[PDB]
2 protein chains.
Amino acid sequence: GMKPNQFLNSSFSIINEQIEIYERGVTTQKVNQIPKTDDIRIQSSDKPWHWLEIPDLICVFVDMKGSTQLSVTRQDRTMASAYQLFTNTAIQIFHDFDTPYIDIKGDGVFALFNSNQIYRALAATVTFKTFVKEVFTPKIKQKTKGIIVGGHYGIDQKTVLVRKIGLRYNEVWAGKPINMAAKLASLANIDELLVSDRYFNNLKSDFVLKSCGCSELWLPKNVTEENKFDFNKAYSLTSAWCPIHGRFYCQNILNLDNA
Amino acid sequence: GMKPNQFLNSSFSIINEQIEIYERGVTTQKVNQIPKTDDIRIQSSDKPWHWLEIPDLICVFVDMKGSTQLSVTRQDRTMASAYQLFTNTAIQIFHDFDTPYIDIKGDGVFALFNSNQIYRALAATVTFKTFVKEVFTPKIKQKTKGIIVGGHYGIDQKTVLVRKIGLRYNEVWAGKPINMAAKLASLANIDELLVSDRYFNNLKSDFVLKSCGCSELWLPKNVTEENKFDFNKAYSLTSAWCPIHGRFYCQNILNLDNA
Ligand SMILES: [Cl-]
Ligand SMILES: [Cl-]
Ligand SMILES: [Zn+2]
Ligand SMILES: [Zn+2]
């Protein structure tokens, strides 16, 4: 129902071009793991959009929480320092866990994992969560003389589509889990990880379901009235790596993907 | 703080490296407009992080709303087509409005504008909003035989910091307006734009404050109890370009930045 006098001429022409592209339909092809970036082809502009379908991809999203009083303009520039200590550490930790794909969005970082990296994704997320709780929050509190800033985290797992868009070219991701992992992180309290029920249902080991004894780690949370999610239930983890047993637990959990 | 038995050895070493970087402090320098990407220098890794301070930068964030039933796996693959029709049109429209910087995050797109592009940012946002209402929503409803999918939108304006991080290199943005524009969009209803009070307070012309008569366009909304924003009030726009007067209004609004 678009009319010429409703839009700029250029906008009108662009919208009609996008309508034509949309009317071409799509094609897809299955690829079991996140492909190398150069294996994602740039298409000729006349073709129907082609997507690669990655099954049961895991998306972790971590975001700074409680930072509204941190500043980029006042003398201490504390938001700049906090951004580095939070985001750069997130990136380096996810890289150390051999994350297939990392990207930065606002005050947050998302990390994509393959469907056979369930436990690796969790171990990387809990490592970052523990860093934030034990290091980031105390140091920012020291610098600000009292402000408590931390993180909150979400994980979802679902099939996604990927292709490249030129703005160079970047991967673009269509589907549920990146959007849903970010929405879960936004819903989470400070120092809380929320995961979807479909991701939680893939966690089977007592190394991740029960504490070290220093109890059930995960609590269900109904998310239906949020009107944001295509699943009924999330699961909440508020604990972190044990100061005594955390390394041993992380070692075992990482190995759980190899079986 | 950190204990060695709480983390993997590699994670421990990485955290200590990030603490050292954080303890170097930061330096900043003012640049009045969003710089060219090659003017944002890559630093040697030993230096305190340097940031460019861009005053009163405008961030628009547009996001798909109501898409939980769209699928990337069922036969119609409707989420793939919808992603193209929504996101690619957003990209092309923002490029047509000469947006200095565009980036894609999940089901959404953000566009950054200079402080002297107040009205251009609004005109680009309302153009995309009108496209979504008049074109995207009807076509997706037709394809799905009834599902109503649309968009929601946020705008904030505040000083930001920018530098480059290598994961070639990408700009990273620290500060309020990208995070806050995304949170405003998440808070917005379908076919609703929410803007911060500080952005709204820069809107002075009746071309943006009053309708063509086919009334006040903006309604205040208190956002204090959201505990997410560093401002008290947002402003809601639910209208779109008039089917008769929309081109004329958009043209005049664009001209408002040149005075
Ligand atoms: Cl600030
Ligand atoms: Cl889906
Ligand atoms: Zn223990
Ligand atoms: Zn009118």
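Residues numbered from 1 in each chain as written, not as in the entry; some residues may be left out. Chains lettered and ligands numbered in written order. Heavy atoms only, no water.

This entry, as listed in the PDB, derives from X-ray crystallography and reports a resolution of 1.83 Å.

**So, helix α2 (residues 78-96) of chain B**
Helical geometry: 3.6 residues make up each α-helical turn, so side chains three or four residues apart lie on a common side. Residues and elements named next belong to chain B. Its 19 residues place the ends of α2 26 Å apart at the C-alpha level, agreeing with the 27 Å of an ideal helix rising 1.5 Å per residue. Among the 19 residues of α2, 16 are classified as buried, and the element is accordingly described as predominantly covered. Of the residues one or two after α2, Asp98 is the one with positive phi, at around 60°. (Helix = DSSP H or I, 4+ residues; strand = E, 2+ residues; numbered from the N terminus. Expected span 1.5 Å × (residues − 1). Buried < 20%, exposed > 50% of the residue type's maximum accessible area, 1.4 Å probe, protein only.)

**Points about the interface of chain B and chain A**
Taken together, the contact pairs 83 residues of chain B with 83 residues of chain A. Interface of chain B and chain A: buried area, both sides summed, is about 7,300 Å²; carbon and sulfur atoms make up 61% of it. Of all residues in chain B, the largest losses of buried area upon contact with chain A belong to B:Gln6, B:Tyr22 and B:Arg247, amounting jointly to 11% of the total for that side. One can count three salt bridges joining chain B with chain A. In this structure, the salt-bridge partner of A:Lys105 is B:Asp103, at a minimum N-O distance of 3.0 Å. Considering every element that reaches the side of chain B that touches chain A, the biggest residue donor is α2(B), with 12 residues. Classifying every residue of the side of chain B that touches chain A by side-chain character gives 42 nonpolar, 25 polar and 16 charged. (Contact = heavy atoms within 4.5 Å. Buried area = accessible area lost by both parts, 1.4 Å probe. Salt bridge = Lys/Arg side-chain N within 4 Å of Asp/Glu carboxyl O. Nonpolar A, V, L, I, M, F, W, Y, C, P; charged D, E, K, R; others polar.)

**Some remarks on the coordination of the zinc ion (ligand 3)**
All names here are of chain A. Around the zinc ion (ligand 3), the protein contributes the donor atoms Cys212 (SG), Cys214 (SG), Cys242 (SG) and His245 (ND1), at 2.1 to 2.3 Å from the metal centre. Of note is the zinc ion (ligand 3), whose four donor atoms meet at the metal with angles of 101 to 115° in an arrangement that counts as tetrahedral. Overall, the relative accessible area of 27% leaves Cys212 in the partly exposed class. (Donors = N, O, S within 2.8 Å, 3.2 Å for Na, K, Ca; no water. Tetrahedral: all angles 85-135°; square planar, octahedral: opposite > 155°, others 65-115°.)

**What about the relation of the copies chain B and chain A?**
Least-squares fitting of chain B to chain A yields an RMSD of 0.1 Å, with the transformation described by 0.0 Å of translation along the axis and a rotation of 180°. When the rotation and shift are considered jointly, the pair of chain copies conforms to a two-fold rotation axis. Proximity to the rotation axis, assessed at the C-alpha, singles out B:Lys105 in chain B; its C-alpha lies 3.3 Å from the axis. Residue by residue, 98% of the interface of chain B is reproduced at the interface of chain A, so both copies engage with the same surface. (Least-squares fit on C-alpha atoms.)

**Structural notes on the layout of surface pockets**
Counted as a void, the second largest pocket has a volume near 1,000 Å³. Lining the second largest pocket are 48 residues, with A:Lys183, A:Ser186, B:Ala182, B:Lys183 and B:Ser186 sitting closest to its centre. When residues of the lining of the second largest pocket are assigned to their parent elements, the largest contribution, seven residues, is made by helix α4 (residues 177-187) of chain B. The class makeup of the residues in the lining of the second largest pocket is 16 nonpolar, 18 polar and 14 charged. (1 Å grid on protein atoms, 1.4 Å probe; cavity = no way out; pocket = protein on both sides within 12 Å on 5 of 7 lines; lining within 4 Å. Points joined across faces, edges and corners; volume = space filled by probe spheres on them.)

**A word on empty space enclosed by the protein**
Its volume calculated, the largest cavity comes out at about 90 Å³. In this structure, the largest cavity is lined by A:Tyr83, A:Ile104, A:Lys105, A:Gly106, B:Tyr101, B:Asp103, B:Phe110, B:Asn170, B:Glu171, B:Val172, B:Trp173 and B:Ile178. Looking at the lining of the largest cavity, the elements that each hand over two or more residues are β3 (101-105) of chain A together with β3 (101-105) and β6 (169-175) of chain B. Take the lining of the largest cavity: its biggest share by element is four residues, from β6(B). Considering only enclosed or pocket space, the second largest cavity measures out at about 60 Å³ in volume. Taken together, A:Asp103, A:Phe110, A:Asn170, A:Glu171, A:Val172, A:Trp173, A:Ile178, B:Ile104 and B:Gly106 make up the full set of residues lining the second largest cavity. Ranked by residues supplied to the lining of the second largest cavity, first place goes to strand β6 (residues 169-175) of chain A with four residues. The residue inventory of the lining of the second largest cavity, partitioned by class, reads five nonpolar, two polar and two charged.

**A closer look at the coordination of the zinc ion (ligand 4)**
Residue and element names in this part refer to chain B. Coordination of the zinc ion (ligand 4) by the protein involves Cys212 (SG), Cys214 (SG), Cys242 (SG) and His245 (ND1), with metal-donor separations of 2.1 to 2.3 Å. One can describe the donor arrangement at the zinc ion (ligand 4) as tetrahedral, given that its four donor atoms subtend angles of 104 to 115° at the metal. Note on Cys214: relative accessible area 66%, which makes it exposed.

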